[PDB]
>>> print(open('my_file.pdb').read())   # PDB, C-alpha atoms
MODEL        1
ATOM      1  CA  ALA W  16     -58.228  62.328  18.677
ATOM      2  CA  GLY W  17     -57.697  59.463  21.117
ATOM      3  CA  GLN W  18     -58.954  61.239  24.287
ATOM      4  CA  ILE W  19     -61.820  62.881  22.289
ATOM      5  CA  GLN W  20     -62.908  59.431  21.117
ATOM      6  CA  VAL W  21     -62.803  58.372  24.862
ATOM      7  CA  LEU W  22     -65.210  61.076  25.933
ATOM      8  CA  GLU W  23     -67.535  60.328  23.049
ATOM      9  CA  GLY W  24     -67.577  56.700  24.092
ATOM     10  CA  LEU W  25     -68.522  57.563  27.637
ATOM     11  CA  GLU W  26     -71.341  59.792  26.405
ATOM     12  CA  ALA W  27     -72.551  56.904  24.168
ATOM     13  CA  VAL W  28     -72.646  54.297  26.954
ATOM     14  CA  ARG W  29     -74.400  56.654  29.402
ATOM     15  CA  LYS W  30     -76.969  57.668  26.778
ATOM     16  CA  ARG W  31     -78.034  54.017  26.006
ATOM     17  CA  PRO W  32     -76.809  51.830  28.830
ATOM     18  CA  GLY W  33     -79.300  49.069  28.163
ATOM     19  CA  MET W  34     -77.793  48.584  24.703
ATOM     20  CA  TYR W  35     -74.481  47.831  26.454
ATOM     21  CA  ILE W  36     -75.532  45.818  29.498
ATOM     22  CA  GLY W  37     -79.038  44.560  28.606
ATOM     23  CA  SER W  38     -81.029  46.513  31.165
ATOM     24  CA  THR W  39     -80.694  49.106  33.881
ATOM     25  CA  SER W  40     -82.782  46.947  36.244
ATOM     26  CA  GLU W  41     -81.436  44.733  39.069
ATOM     27  CA  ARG W  42     -80.176  42.419  36.289
ATOM     28  CA  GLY W  43     -78.007  45.085  34.699
ATOM     29  CA  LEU W  44     -76.676  46.183  38.099
ATOM     30  CA  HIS W  45     -75.377  42.644  38.698
ATOM     31  CA  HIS W  46     -73.974  42.550  35.121
ATOM     32  CA  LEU W  47     -71.434  45.214  36.277
ATOM     33  CA  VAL W  48     -69.924  42.591  38.619
ATOM     34  CA  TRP W  49     -69.841  39.997  35.882
ATOM     35  CA  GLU W  50     -67.973  42.229  33.497
ATOM     36  CA  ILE W  51     -65.178  42.806  36.007
ATOM     37  CA  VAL W  52     -65.039  39.180  37.219
ATOM     38  CA  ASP W  53     -64.988  37.930  33.571
ATOM     39  CA  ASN W  54     -61.776  39.947  32.983
ATOM     40  CA  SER W  55     -60.149  38.364  36.091
ATOM     41  CA  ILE W  56     -61.204  34.920  34.928
ATOM     42  CA  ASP W  57     -59.440  35.612  31.558
ATOM     43  CA  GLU W  58     -56.277  36.422  33.402
ATOM     44  CA  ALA W  59     -56.505  33.037  35.246
ATOM     45  CA  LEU W  60     -57.209  31.272  31.991
ATOM     46  CA  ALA W  61     -54.088  32.935  30.526
ATOM     47  CA  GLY W  62     -52.120  31.186  33.334
ATOM     48  CA  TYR W  63     -51.444  34.184  35.535
ATOM     49  CA  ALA W  64     -54.080  34.347  38.316
ATOM     50  CA  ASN W  65     -55.734  31.879  40.618
ATOM     51  CA  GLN W  66     -57.644  33.841  43.191
ATOM     52  CA  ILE W  67     -60.529  36.261  42.745
ATOM     53  CA  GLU W  68     -62.308  38.010  45.599
ATOM     54  CA  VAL W  69     -65.635  39.852  45.336
ATOM     55  CA  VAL W  70     -66.606  42.030  48.303
ATOM     56  CA  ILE W  71     -69.927  43.814  48.726
ATOM     57  CA  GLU W  72     -68.743  46.800  50.759
ATOM     58  CA  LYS W  73     -70.657  49.310  52.790
ATOM     59  CA  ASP W  74     -73.106  51.392  50.718
ATOM     60  CA  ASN W  75     -73.121  48.794  47.941
ATOM     61  CA  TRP W  76     -69.618  49.459  46.623
ATOM     62  CA  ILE W  77     -68.202  46.350  45.011
ATOM     63  CA  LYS W  78     -64.482  45.462  45.253
ATOM     64  CA  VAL W  79     -63.036  42.849  42.915
ATOM     65  CA  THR W  80     -59.461  41.682  43.548
ATOM     66  CA  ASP W  81     -57.378  39.238  41.534
ATOM     67  CA  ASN W  82     -53.796  38.002  41.801
ATOM     68  CA  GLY W  83     -52.965  38.309  38.062
ATOM     69  CA  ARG W  84     -50.240  40.366  36.444
ATOM     70  CA  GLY W  85     -51.704  43.737  37.220
ATOM     71  CA  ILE W  86     -53.213  45.855  34.475
ATOM     72  CA  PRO W  87     -50.252  47.331  32.591
ATOM     73  CA  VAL W  88     -49.168  50.908  33.363
ATOM     74  CA  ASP W  89     -46.771  51.664  30.514
ATOM     75  CA  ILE W  90     -47.409  54.740  28.445
ATOM     76  CA  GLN W  91     -49.066  53.911  25.111
ATOM     77  CA  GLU W  92     -47.821  55.446  21.852
ATOM     78  CA  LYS W  93     -51.528  55.250  20.839
ATOM     79  CA  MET W  94     -52.869  57.600  23.615
ATOM     80  CA  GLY W  95     -49.776  59.087  25.362
ATOM     81  CA  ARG W  96     -51.590  57.702  28.494
ATOM     82  CA  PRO W  97     -50.936  54.787  30.784
ATOM     83  CA  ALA W  98     -52.383  51.555  29.489
ATOM     84  CA  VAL W  99     -54.542  51.109  32.595
ATOM     85  CA  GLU W 100     -56.095  54.511  31.980
ATOM     86  CA  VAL W 101     -57.003  53.589  28.406
ATOM     87  CA  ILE W 102     -58.481  50.222  29.461
ATOM     88  CA  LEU W 103     -60.562  51.766  32.217
ATOM     89  CA  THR W 104     -61.773  54.825  30.341
ATOM     90  CA  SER W 128     -63.122  52.443  27.672
ATOM     91  CA  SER W 129     -64.918  50.263  30.262
ATOM     92  CA  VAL W 130     -68.714  50.146  30.424
ATOM     93  CA  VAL W 131     -68.540  49.487  34.171
ATOM     94  CA  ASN W 132     -66.538  52.683  34.671
ATOM     95  CA  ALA W 133     -68.902  54.746  32.516
ATOM     96  CA  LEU W 134     -71.867  53.488  34.527
ATOM     97  CA  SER W 135     -70.263  54.017  37.924
ATOM     98  CA  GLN W 136     -70.540  57.186  39.926
ATOM     99  CA  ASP W 137     -67.086  56.383  41.237
ATOM    100  CA  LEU W 138     -64.490  53.792  40.449
ATOM    101  CA  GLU W 139     -61.024  53.221  41.807
ATOM    102  CA  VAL W 140     -58.182  51.003  40.594
ATOM    103  CA  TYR W 141     -55.086  49.831  42.462
ATOM    104  CA  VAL W 142     -52.512  47.895  40.411
ATOM    105  CA  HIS W 143     -49.758  45.903  42.076
ATOM    106  CA  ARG W 144     -46.993  45.526  39.407
ATOM    107  CA  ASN W 145     -43.257  46.242  39.035
ATOM    108  CA  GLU W 146     -43.040  46.110  42.947
ATOM    109  CA  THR W 147     -45.174  49.235  42.938
ATOM    110  CA  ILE W 148     -48.786  50.080  43.823
ATOM    111  CA  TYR W 149     -50.427  52.434  41.272
ATOM    112  CA  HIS W 150     -53.765  54.188  41.841
ATOM    113  CA  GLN W 151     -56.287  56.082  39.785
ATOM    114  CA  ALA W 152     -59.865  57.181  40.425
ATOM    115  CA  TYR W 153     -62.673  58.029  38.062
ATOM    116  CA  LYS W 154     -66.266  59.448  38.104
ATOM    117  CA  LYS W 155     -68.645  58.366  35.304
ATOM    118  CA  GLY W 156     -65.499  57.169  33.556
ATOM    119  CA  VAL W 157     -63.600  60.461  33.777
ATOM    120  CA  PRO W 158     -60.161  60.247  35.463
ATOM    121  CA  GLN W 159     -59.958  62.451  38.504
ATOM    122  CA  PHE W 160     -56.133  62.616  38.470
ATOM    123  CA  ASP W 161     -53.255  61.039  36.646
ATOM    124  CA  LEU W 162     -52.197  57.510  37.566
ATOM    125  CA  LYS W 163     -49.915  57.696  40.573
ATOM    126  CA  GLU W 164     -47.492  55.591  42.494
ATOM    127  CA  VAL W 165     -48.811  55.222  46.049
ATOM    128  CA  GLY W 166     -46.802  52.420  47.618
ATOM    129  CA  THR W 167     -44.717  49.342  47.187
ATOM    130  CA  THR W 168     -45.521  45.687  46.972
ATOM    131  CA  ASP W 169     -44.130  42.216  46.547
ATOM    132  CA  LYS W 170     -47.310  40.907  44.885
ATOM    133  CA  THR W 171     -48.962  41.398  41.476
ATOM    134  CA  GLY W 172     -52.654  41.843  40.732
ATOM    135  CA  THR W 173     -55.498  44.308  40.349
ATOM    136  CA  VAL W 174     -58.074  45.780  42.661
ATOM    137  CA  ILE W 175     -61.193  47.482  41.186
ATOM    138  CA  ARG W 176     -63.730  49.139  43.538
ATOM    139  CA  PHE W 177     -66.851  50.763  42.073
ATOM    140  CA  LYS W 178     -70.096  52.355  43.029
ATOM    141  CA  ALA W 179     -72.912  51.906  40.494
ATOM    142  CA  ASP W 180     -74.391  55.202  39.267
ATOM    143  CA  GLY W 181     -77.928  55.596  40.625
ATOM    144  CA  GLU W 182     -78.676  58.024  37.722
ATOM    145  CA  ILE W 183     -78.334  54.979  35.466
ATOM    146  CA  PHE W 184     -79.611  52.198  37.795
ATOM    147  CA  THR W 185     -82.816  53.989  38.689
ATOM    148  CA  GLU W 186     -84.718  50.977  40.155
ATOM    149  CA  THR W 187     -82.076  49.751  42.604
ATOM    150  CA  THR W 188     -78.315  49.931  43.374
ATOM    151  CA  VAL W 189     -78.570  47.173  46.108
ATOM    152  CA  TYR W 190     -76.901  43.890  45.363
ATOM    153  CA  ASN W 191     -78.433  40.511  46.152
ATOM    154  CA  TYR W 192     -75.944  38.168  47.885
ATOM    155  CA  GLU W 193     -77.726  35.039  46.684
ATOM    156  CA  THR W 194     -77.615  36.265  43.084
ATOM    157  CA  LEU W 195     -73.863  36.928  43.323
ATOM    158  CA  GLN W 196     -73.293  33.680  45.190
ATOM    159  CA  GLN W 197     -75.079  31.462  42.703
ATOM    160  CA  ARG W 198     -73.145  32.810  39.738
ATOM    161  CA  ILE W 199     -69.822  32.865  41.576
ATOM    162  CA  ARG W 200     -70.247  29.216  42.540
ATOM    163  CA  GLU W 201     -71.125  28.405  38.853
ATOM    164  CA  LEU W 202     -68.013  30.272  37.655
ATOM    165  CA  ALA W 203     -65.702  28.418  40.061
ATOM    166  CA  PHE W 204     -67.276  25.099  39.007
ATOM    167  CA  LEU W 205     -66.792  25.919  35.325
ATOM    168  CA  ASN W 206     -63.220  27.256  35.747
ATOM    169  CA  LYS W 207     -61.634  24.594  37.973
ATOM    170  CA  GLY W 208     -58.553  25.642  39.948
ATOM    171  CA  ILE W 209     -59.640  29.248  40.470
ATOM    172  CA  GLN W 210     -60.461  30.166  44.054
ATOM    173  CA  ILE W 211     -63.362  32.649  44.009
ATOM    174  CA  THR W 212     -64.536  34.196  47.262
ATOM    175  CA  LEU W 213     -67.644  36.275  47.898
ATOM    176  CA  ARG W 214     -67.878  38.399  51.077
ATOM    177  CA  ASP W 215     -70.750  40.716  52.268
ATOM    178  CA  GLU W 216     -69.403  43.479  54.536
ATOM    179  CA  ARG W 217     -72.515  45.698  54.323
ATOM    180  CA  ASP W 218     -73.508  44.841  57.927
ATOM    181  CA  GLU W 219     -70.275  44.959  59.997
ATOM    182  CA  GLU W 220     -71.998  43.093  62.803
ATOM    183  CA  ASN W 221     -72.730  39.991  60.537
ATOM    184  CA  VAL W 222     -70.193  39.404  57.794
ATOM    185  CA  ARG W 223     -70.873  36.493  55.493
ATOM    186  CA  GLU W 224     -68.298  34.788  53.226
ATOM    187  CA  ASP W 225     -68.564  31.904  50.755
ATOM    188  CA  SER W 226     -65.450  30.600  49.045
ATOM    189  CA  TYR W 227     -65.350  28.249  46.117
ATOM    190  CA  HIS W 228     -62.410  26.255  44.728
ATOM    191  CA  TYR W 229     -63.060  23.243  42.582
ATOM    192  CA  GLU W 230     -60.248  20.655  42.241
TER     193      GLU W 230
ENDMDL
END
>>> encode(input="my_file.pdb", output="structure tokens")
Amino acid sequence: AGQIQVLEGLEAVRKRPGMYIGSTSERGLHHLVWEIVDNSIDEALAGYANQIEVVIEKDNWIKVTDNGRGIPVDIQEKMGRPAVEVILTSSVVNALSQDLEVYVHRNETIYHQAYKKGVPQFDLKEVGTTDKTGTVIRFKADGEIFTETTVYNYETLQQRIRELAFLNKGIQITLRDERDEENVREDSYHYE
């Protein structure tokens, strides 16, 4: 029933995306970034993170990295699935992305899963080791949903990132545009 309810949720979000994120215009595209960054900010507010990095990657992928606890990976009695899988298969960003990848650094281990339109492409796997904790989410917005544009505006991202750092003092939040490898721009904000 659990995994059935997952698939139905994905279908629901992709049928009426504007009901979930306000619009499928440039505004809604940027809302994807906010949803992910908001979750990292909660982890800092909980006492466990203090650095968030947003990278606009080649072809308008977005990568958001935080140094929090890592999304948990323990198998849920609820779903029989890893917690991270449950969390990400119920995410609007994941549903509205053509592709999305997660790397969790936790338990001295790096765990990876990938998704398309919210559907896991393989079971969560151990890919490496680590001495850090945190979460990396990389996604590519689905152009079948975002029919006007899938191109981010640096100044839009910058203005809100600066506002978020000012509002949440002590969190370092960095924005980097890597879309043109010959001119990489970075702005980093850290209030008191």
>>> closest_residue(input="my_file.pdb", among="W:20, W:54, W:136, W:128", to="residue W:188", atoms="only C-alpha atoms")
W:136
>>> resolve_selection(input="my_file.pdb", expression="the PyMOL selection byres ((chain W and resi 196-211) around 12)", output="count of residues only")
46
>>> resolve_selection(input="my_file.pdb", expression="the PyMOL selection byres ((chain W and resi 25-27) around 8)", output="ChimeraX atom specification")
/W:21-24,28-31,104,128,130,133,155-156
>>> residues_near_point(input="my_file.pdb", point="(-53.5, 56.7, 38.9)", cutoff="12 Å", atoms="all atoms listed in the file", output="mmCIF file with C-alpha atoms, keeping the file's coordinate frame")
data_model
loop_
_atom_site.group_PDB
_atom_site.id
_atom_site.type_symbol
_atom_site.label_atom_id
_atom_site.label_comp_id
_atom_site.auth_asym_id
_atom_site.auth_seq_id
_atom_site.Cartn_x
_atom_site.Cartn_y
_atom_site.Cartn_z
ATOM 1 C CA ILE W 86 -53.213 45.855 34.475
ATOM 2 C CA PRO W 87 -50.252 47.331 32.591
ATOM 3 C CA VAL W 88 -49.168 50.908 33.363
ATOM 4 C CA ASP W 89 -46.771 51.664 30.514
ATOM 5 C CA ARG W 96 -51.590 57.702 28.494
ATOM 6 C CA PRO W 97 -50.936 54.787 30.784
ATOM 7 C CA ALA W 98 -52.383 51.555 29.489
ATOM 8 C CA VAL W 99 -54.542 51.109 32.595
ATOM 9 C CA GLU W 100 -56.095 54.511 31.980
ATOM 10 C CA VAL W 101 -57.003 53.589 28.406
ATOM 11 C CA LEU W 103 -60.562 51.766 32.217
ATOM 12 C CA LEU W 138 -64.490 53.792 40.449
ATOM 13 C CA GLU W 139 -61.024 53.221 41.807
ATOM 14 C CA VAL W 140 -58.182 51.003 40.594
ATOM 15 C CA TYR W 141 -55.086 49.831 42.462
ATOM 16 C CA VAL W 142 -52.512 47.895 40.411
ATOM 17 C CA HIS W 143 -49.758 45.903 42.076
ATOM 18 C CA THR W 147 -45.174 49.235 42.938
ATOM 19 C CA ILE W 148 -48.786 50.080 43.823
ATOM 20 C CA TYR W 149 -50.427 52.434 41.272
ATOM 21 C CA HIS W 150 -53.765 54.188 41.841
ATOM 22 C CA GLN W 151 -56.287 56.082 39.785
ATOM 23 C CA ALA W 152 -59.865 57.181 40.425
ATOM 24 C CA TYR W 153 -62.673 58.029 38.062
ATOM 25 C CA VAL W 157 -63.600 60.461 33.777
ATOM 26 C CA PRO W 158 -60.161 60.247 35.463
ATOM 27 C CA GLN W 159 -59.958 62.451 38.504
ATOM 28 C CA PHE W 160 -56.133 62.616 38.470
ATOM 29 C CA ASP W 161 -53.255 61.039 36.646
ATOM 30 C CA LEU W 162 -52.197 57.510 37.566
ATOM 31 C CA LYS W 163 -49.915 57.696 40.573
ATOM 32 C CA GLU W 164 -47.492 55.591 42.494
ATOM 33 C CA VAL W 165 -48.811 55.222 46.049
ATOM 34 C CA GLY W 166 -46.802 52.420 47.618
#
>>> atom_distance(input="my_file.pdb", atom1="atom CA of residue W:175", atom2="atom CA of residue W:77")
8.1 Å
>>> axis_aligned_box(input="my_file.pdb", around="stretch 169-187 of chain W", padding_each_side="3 Å", output="AutoDock Vina command-line options")
--center_x -64.4 --center_y 49.5 --center_z 41.0 --size_x 46.6 --size_y 23.1 --size_z 17.1
>>> atom_distance(input="my_file.pdb", atom1="atom CA of residue W:36", atom2="atom CA of residue W:178")
16.0 Å
>>> closest_residue(input="my_file.pdb", among="W:41, W:137, W:146, W:182", to="residue W:78", atoms="only C-alpha atoms")
W:137
>>> resolve_selection(input="my_file.pdb", expression="the PyMOL selection byres ((chain W and resi 218) around 10)", output="mmCIF file with C-alpha atoms, in the frame of the given file")
data_model
loop_
_atom_site.group_PDB
_atom_site.id
_atom_site.type_symbol
_atom_site.label_atom_id
_atom_site.label_comp_id
_atom_site.auth_asym_id
_atom_site.auth_seq_id
_atom_site.Cartn_x
_atom_site.Cartn_y
_atom_site.Cartn_z
ATOM 1 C CA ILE W 71 -69.927 43.814 48.726
ATOM 2 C CA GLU W 72 -68.743 46.800 50.759
ATOM 3 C CA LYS W 73 -70.657 49.310 52.790
ATOM 4 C CA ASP W 74 -73.106 51.392 50.718
ATOM 5 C CA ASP W 215 -70.750 40.716 52.268
ATOM 6 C CA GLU W 216 -69.403 43.479 54.536
ATOM 7 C CA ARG W 217 -72.515 45.698 54.323
ATOM 8 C CA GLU W 219 -70.275 44.959 59.997
ATOM 9 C CA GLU W 220 -71.998 43.093 62.803
ATOM 10 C CA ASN W 221 -72.730 39.991 60.537
ATOM 11 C CA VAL W 222 -70.193 39.404 57.794
ATOM 12 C CA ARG W 223 -70.873 36.493 55.493
#
>>> residues_near_point(input="my_file.pdb", point="(-72.2, 51.3, 37.1)", cutoff="7 Å", atoms="all atoms listed in the file", output="short mmCIF file (atom, residue, chain, number, x, y, z; two decimals) with C-alpha atoms, in the coordinates of the input")
data_model
loop_
_atom_site.label_atom_id
_atom_site.label_comp_id
_atom_site.auth_asym_id
_atom_site.auth_seq_id
_atom_site.Cartn_x
_atom_site.Cartn_y
_atom_site.Cartn_z
CA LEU W 44 -76.68 46.18 38.10
CA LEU W 47 -71.43 45.21 36.28
CA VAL W 131 -68.54 49.49 34.17
CA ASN W 132 -66.54 52.68 34.67
CA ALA W 133 -68.90 54.75 32.52
CA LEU W 134 -71.87 53.49 34.53
CA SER W 135 -70.26 54.02 37.92
CA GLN W 136 -70.54 57.19 39.93
CA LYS W 178 -70.10 52.36 43.03
CA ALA W 179 -72.91 51.91 40.49
CA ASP W 180 -74.39 55.20 39.27
#
>>> atom_distance(input="my_file.pdb", atom1="atom CA of residue W:129", atom2="atom CA of residue W:172")
18.2 Å
>>> closest_residue(input="my_file.pdb", among="W:76, W:19, W:184, W:85", to="residue W:37", atoms="all atoms listed in the file")
W:184
>>> closest_residue(input="my_file.pdb", among="W:40, W:95, W:84, W:187", to="residue W:170", atoms="all atoms listed in the file")
W:84
>>> closest_residue(input="my_file.pdb", among="W:91, W:144, W:32, W:42", to="residue W:171", atoms="all atoms listed in the file")
W:144
